[PDB]
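Trainee: Quick one: this structure, given as structure tokens, is what I'll be asking you about.
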Amino acid sequence: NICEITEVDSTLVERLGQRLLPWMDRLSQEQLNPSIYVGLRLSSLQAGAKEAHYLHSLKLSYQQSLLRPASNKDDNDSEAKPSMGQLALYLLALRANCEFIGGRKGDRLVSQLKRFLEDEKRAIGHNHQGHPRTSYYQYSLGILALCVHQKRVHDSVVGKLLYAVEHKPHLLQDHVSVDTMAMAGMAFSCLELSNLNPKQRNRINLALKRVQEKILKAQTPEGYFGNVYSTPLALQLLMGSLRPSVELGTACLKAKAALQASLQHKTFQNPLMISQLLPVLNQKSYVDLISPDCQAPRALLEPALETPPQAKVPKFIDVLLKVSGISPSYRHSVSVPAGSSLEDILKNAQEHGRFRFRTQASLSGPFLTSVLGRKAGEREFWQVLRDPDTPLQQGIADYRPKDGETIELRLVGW
Ligand code: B12
Ligand SMILES: [Cl-]
């Protein structure tokens with residue numbers, strides 16, 4: 001397929017996999033990541049005996065956290081439960097090991113996911129006013145995860161996603177847009193291939209064409225679909241063909257070229273990003289989880305085991321931190337070694353000054369939730385920008401500021 005990546009340098013692929021490798025040893029509840037496991041299984045690489053151990057740890061964690069103790073011992077909280085979107089990714093990890101969800105525990109998890117989607121459908125409502133409590137991204141992911149296990153949702157559930165894709169100047173905010181379209185597209189694709197909602201067949205077919213149209217519309221002059229980090233998900237979808245056009249073929253050539261050029265510059269550091277990219281580089285997508293091949297050999301991944309000693313005096317950078325959207329504005333000047341993350345900078349400011357911040361765990365790493373005591377509310381988030389007004393494309397743990405940058409933390413409501 002013209003949208004498939006064929007010409008990748010194997011040593012670049014190995015380098016990407018090597019970044020995932022140490023995560024295979026990070027087995028705590030808040031570090032376990034079903035997306036990383038899926039990513040490796042659909043790649044051309046393997047982390048040996050570490051993989052099965054990782055999946056056993058996922059099985060233990062998700063099952064014990066999400067299932068039972070009915071009369072919960074004086075708390076109603078303490079454990080750090082995975083979310084329902086995270087449960088969907090867990091269902092994808094099972095498929096990646098060529099398993100179907102089964103037994104009583106399995107049926108219980110399936111019910112919890114179906115209930116999540118039903119609660120989301122009702123939050124949307126009558127089709128008009130109402131957003132999901134989470135996102136259309138997670139809604140799409142839930143449908144897809146049930147679908148690859150051959151579990152059906154009601155026509156009305158699929159209907160809310162179809163409507164969201166269909167109706168006018170579209171619902172989707174710019175940040176989520178390409179990624180959500182790609183994930184919606186993959187759900188539709190699974191539903192079409194599996195014939196789970198036959199009464200919606202034609203509507204699903206048309207929505208698939210519409211998703212492709214919107215993704216192409218979002219191609220940047222560089223050739224990314226949306227941005228570099230949404231390009232792997234979009235290519236996961238577009239490799240699934242359907243409607244081959246010359247416009248699509250041309251778009252895909254530009255996108256693969258842009259993605260390849262970006263890989264030459266160590267662009268992908270975030271494990272979750274790598275996990276979405278590795279399948280594309282092996283001509284696979286989440287839709288392949290309908291009938292996975294666990295018999296196909298993968299190349300063994302070994303660590304670097306070297307680590308570069310300069311024995312030097314490092315270059316320093318001067319950065320200005322700024323906080324806006326709260327009543328008294330805050331600014332902080334720090335000088336740090338070149339290569340320090342924004343997270344390091346925030347920790348430095350908290351240590352050597354009156355800055356304070358809090359994060360919560362996510363599959364993408366530390367998510368910024370509070371700044372100077374102000375926790376982000378219900379439909380609010382702490383947006384991270386390079387001044388002026390340019391939202392960053394990496395989170396706090398991965399963004400490495402350059403000399404003389406002013407970074408802004410802005411409480412916004414989207
Ligand atoms: C929906 C979404 C959001 C929502 C999430 C809130 C909501 N109502 O759900 C909002 C709008 C708040 C958001 C914010 C941001 N996002 Co966002 N987001 C997504 C999206 C579309 C889906 C995430 C999801 O639900 N995944 C599934 C569930 C099961 O996973 P999860 O880990 O449990 O989900 C949580 C995290 O993803 C977290 N989150 C969302 N975005 C980001 C980004 C980072 C870096 C981290 C650590 C966490 C995080 O919110 C989710 C819980 O609500 C992804 C797309 C993708 N390809 O993954 C982008 C994506 C993860 N976001 C991205 C970015 C860059 C950001 C921001 C840094 C943008 C900015 N400059 O402020 C901020 C985060 C800043 C912060 N406060 O730490 C990038 C990350 C790229 C990279 N190199 O890692 C992605 C890949 C999109 C893209 N193509 O650029 N995001
Ligand atoms: Cl990254």
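We name chains A, B, ... following the order of the structure tokens; residues begin at 1 in each chain, and ligands are numbered from 1 as shown.
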Just want the residues within 9 Å of ligand 2, written as a ChimeraX atom specification, counting only C-alpha atoms and all ligand atoms.

Mentor: /A:229,266-274,393-395,398-399

Trainee: Taking only segment 264-385 of chain A into account, list the residues labelled strand (DSSP E or B) by DSSP (computed from the backbone), as a CSV table (one decimal) with C-alpha atoms, in the first residue's frame.

Mentor:
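Contents of selection03.csv, freshly written:
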chain,number,residue,atom,x,y,z
A,299,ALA,CA,14.3,-9.3,16.2
A,300,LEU,CA,15.7,-9.4,19.8
A,316,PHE,CA,24.0,26.2,30.5
A,317,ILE,CA,20.8,27.8,29.4
A,318,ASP,CA,18.8,30.7,30.8
A,319,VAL,CA,15.0,30.1,30.9
A,320,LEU,CA,12.1,32.2,32.1
A,321,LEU,CA,9.1,30.5,33.6
A,322,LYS,CA,5.7,32.3,33.5
A,323,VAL,CA,2.4,31.4,35.0
A,324,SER,CA,-0.8,33.0,33.6
A,330,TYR,CA,4.2,34.5,38.7
A,331,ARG,CA,7.6,34.5,37.0
A,332,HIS,CA,10.8,32.6,37.7
A,333,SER,CA,14.3,32.9,36.2
A,334,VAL,CA,16.5,29.8,36.2
A,335,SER,CA,19.8,28.8,34.6
A,336,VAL,CA,20.3,25.0,34.0
A,337,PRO,CA,22.4,22.6,32.0
A,357,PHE,CA,3.3,22.3,41.2
A,358,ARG,CA,1.6,18.9,41.2
A,359,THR,CA,1.4,16.1,38.6
A,360,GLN,CA,-0.7,12.9,38.1
A,367,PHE,CA,0.5,15.3,33.5
A,368,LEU,CA,0.5,18.8,35.0
A,369,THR,CA,-2.6,19.2,37.1
A,370,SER,CA,-1.8,22.0,39.6
A,371,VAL,CA,0.3,25.1,39.6
A,374,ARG,CA,-4.5,26.1,41.6
A,375,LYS,CA,-5.8,22.6,40.5
A,380,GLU,CA,-9.9,23.1,32.4
A,381,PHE,CA,-6.2,22.2,31.9
A,382,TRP,CA,-2.8,23.6,32.4
A,383,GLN,CA,-1.6,24.5,28.9
A,384,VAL,CA,2.2,24.7,28.3
A,385,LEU,CA,3.4,27.2,25.8

Trainee: Using only C-alpha atoms, can you tell me which of A:281, A:51, A:308, A:179 comes closest to residue 263 of chain A?

Mentor: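 Under the stated criterion, the closest residue is A:281.
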
Trainee: Contacts between segment 285-296 of chain A and segment 81-129 of chain A, please, where a residue of segment 81-129 of chain A counts if it comes within 10 Å (with only C-alpha atoms); show its shortest atom pair and distance in Å to one decimal, rows by chain and ascending number, as JSON lines.

Mentor:
{"residue": "A:92", "atom": "CA", "partner": "A:289", "partner_atom": "CA", "distance": 7.1}
{"residue": "A:93", "atom": "CA", "partner": "A:289", "partner_atom": "CA", "distance": 9.1}
{"residue": "A:94", "atom": "CA", "partner": "A:289", "partner_atom": "CA", "distance": 9.3}
{"residue": "A:95", "atom": "CA", "partner": "A:289", "partner_atom": "CA", "distance": 5.7}
{"residue": "A:96", "atom": "CA", "partner": "A:289", "partner_atom": "CA", "distance": 6.3}
{"residue": "A:97", "atom": "CA", "partner": "A:294", "partner_atom": "CA", "distance": 6.7}
{"residue": "A:98", "atom": "CA", "partner": "A:292", "partner_atom": "CA", "distance": 6.2}
{"residue": "A:99", "atom": "CA", "partner": "A:292", "partner_atom": "CA", "distance": 9.4}

Trainee: Would you please work out which residue, of A:251, A:361, A:60, A:66, is nearest to ligand 1 when using only C-alpha atoms and all ligand atoms?

Mentor: A:361

Trainee: Among segment 38-134 of chain A, which ones does DSSP assign to helix (DSSP H, G or I) (computed from the backbone)? Answer as a ChimeraX atom specification.

Mentor: /A:38-41,50-66,84-96,103-124

Trainee: Suppose you want the space between atom CA of residue 362 of chain A and atom CA of residue 389 of chain A; what is it in Å?

Mentor: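 A separation of 25.2 Å between them.
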
Trainee: Can you list, as a ChimeraX atom specification, every protein, DNA or RNA residue that comes within 9 Å of residue 211 of chain A when you count only C-alpha atoms, leaving out same-chain residues fewer than 5 positions away?

Mentor: /A:165-166,178,181-182,184-185,206,216

Trainee: Would you pick out the contacts of residue 118 of chain A at 12 Å or less, using only C-alpha atoms, so that residues sharing its chain but fewer than 2 positions from it are not included, and give the list as a ChimeraX atom specification?

Mentor: /A:111-116,120-125,132-133,139,142-143,153-160

Trainee: Take the residues from that selection and write them out as a PDB file, in the first residue's frame, keeping C-alpha atoms.

Mentor:
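The result, stored in result.pdb:
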ATOM      1  CA  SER A 111     -19.433  -4.858  31.310  1.00  0.00           C
ATOM      2  CA  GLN A 112     -17.468  -2.014  32.936  1.00  0.00           C
ATOM      3  CA  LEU A 113     -16.264  -0.798  29.540  1.00  0.00           C
ATOM      4  CA  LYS A 114     -19.740  -1.033  27.985  1.00  0.00           C
ATOM      5  CA  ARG A 115     -21.107   0.907  31.003  1.00  0.00           C
ATOM      6  CA  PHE A 116     -18.430   3.605  30.484  1.00  0.00           C
ATOM      7  CA  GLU A 120     -20.594   8.731  27.837  1.00  0.00           C
ATOM      8  CA  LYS A 121     -23.447   8.425  25.305  1.00  0.00           C
ATOM      9  CA  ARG A 122     -25.803   9.849  27.936  1.00  0.00           C
ATOM     10  CA  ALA A 123     -23.422  12.717  28.772  1.00  0.00           C
ATOM     11  CA  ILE A 124     -23.616  13.589  25.055  1.00  0.00           C
ATOM     12  CA  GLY A 125     -27.396  13.017  25.006  1.00  0.00           C
ATOM     13  CA  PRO A 132     -18.102  13.213  26.777  1.00  0.00           C
ATOM     14  CA  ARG A 133     -16.772  13.459  30.342  1.00  0.00           C
ATOM     15  CA  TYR A 139     -14.940   6.854  23.250  1.00  0.00           C
ATOM     16  CA  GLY A 142     -13.492   1.857  23.893  1.00  0.00           C
ATOM     17  CA  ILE A 143     -15.526   0.885  20.803  1.00  0.00           C
ATOM     18  CA  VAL A 153     -22.102  -2.221  21.471  1.00  0.00           C
ATOM     19  CA  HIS A 154     -25.598  -0.883  20.794  1.00  0.00           C
ATOM     20  CA  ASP A 155     -26.301   1.014  17.553  1.00  0.00           C
ATOM     21  CA  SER A 156     -27.050   4.145  19.650  1.00  0.00           C
ATOM     22  CA  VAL A 157     -23.496   4.052  21.110  1.00  0.00           C
ATOM     23  CA  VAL A 158     -21.836   3.918  17.660  1.00  0.00           C
ATOM     24  CA  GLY A 159     -24.370   6.570  16.580  1.00  0.00           C
ATOM     25  CA  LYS A 160     -22.907   9.310  18.829  1.00  0.00           C
TER      26      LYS A 160
END
